[PDB]
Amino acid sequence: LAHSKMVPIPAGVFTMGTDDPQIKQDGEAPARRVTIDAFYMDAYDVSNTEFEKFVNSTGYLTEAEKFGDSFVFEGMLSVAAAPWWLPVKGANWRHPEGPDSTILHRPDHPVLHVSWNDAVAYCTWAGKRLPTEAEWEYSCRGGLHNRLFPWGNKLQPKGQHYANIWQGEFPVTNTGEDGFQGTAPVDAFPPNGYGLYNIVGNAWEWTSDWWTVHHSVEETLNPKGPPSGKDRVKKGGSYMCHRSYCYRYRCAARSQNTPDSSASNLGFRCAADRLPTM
């Protein structure tokens, strides 16, 4: 009903990264103090319905539609990064598992198979932009200091699921214990302390930064990441994550993809310096 709404993220200083990295290769360390000016973040990932409004307005054809394929996780079927990633002809945001799938029953789920360029196009059409990695991580942390997750350090506080990830033995069995085998609606699960939904889990989220693993401990202000690179940074993990193989549903976690990449577990949310017209 208000799936394009934004929340005000307060100005502050926070610790980005961690001096106890869990995936050292990803440049989770070192911890560094970062100052972030107040800004606005979408409460929800961009949903199928919201992305359809954009396509209806602009006629935009996504990169996956133009290339004719996109990566799909083998477990959702009726150069790949792992054996469970398949390039599927005709998989795209409207057909998230391939040409015989549909989004008609999942309008409120995050849009998938959107590349970094597709995400920038949507956000700019919406009067917004992608968040930087630092803005994203600050927002994810939800006003808590040096915690694993938006809500704290326990995966299931009070015996409750707080995010949509994998349960069971990946990749053969997803039990769906948390209520969702694939994505959940963009407004599922509790919000974090800033009012954001599914900031970890559900779908990965593009950020504006180029990827590097080499970070300084210097204190910075509104950092934008390195000036060049080959891959853009994505954050937050997805419905596929599990501690056993891909422990990336932590705010400090991070991964990357080339900007023309797309996949069945990768979406985005927008940010803005000020509210767009309303």
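One rule holds for the numbers: they count along the sequence shown, beginning at 1.
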item: Count class of coordinate-free deposited residues lying between the neighbours residue 78 and residue 79; value: 10 or more
item: Stretch with the greater mean C-alpha B-factor as recorded in the entry, comparing 160-168 against 97-105; value: 97-105
item: Entry-level comparison of average CA B-factors, 31-39 and 45-53, reporting the higher stretch; value: 31-39
item: Peak C-alpha temperature factor (PDB record), options 242, 235, 224, 232; value: 224
item: Record-listed C-alpha B factor of residue 264: chain third; value: lowest
item: Modelled-residue ranking by C-alpha temperature factor, third containing residue 177; value: middle
item: CA B-factor placement of residue 270, once the chain's modelled residues are sorted into thirds; value: lowest
item: B-factor third for the C-alpha atom of residue 86 within its chain; value: highest
item: Third of chain Cα B-factors occupied by residue 154; value: highest
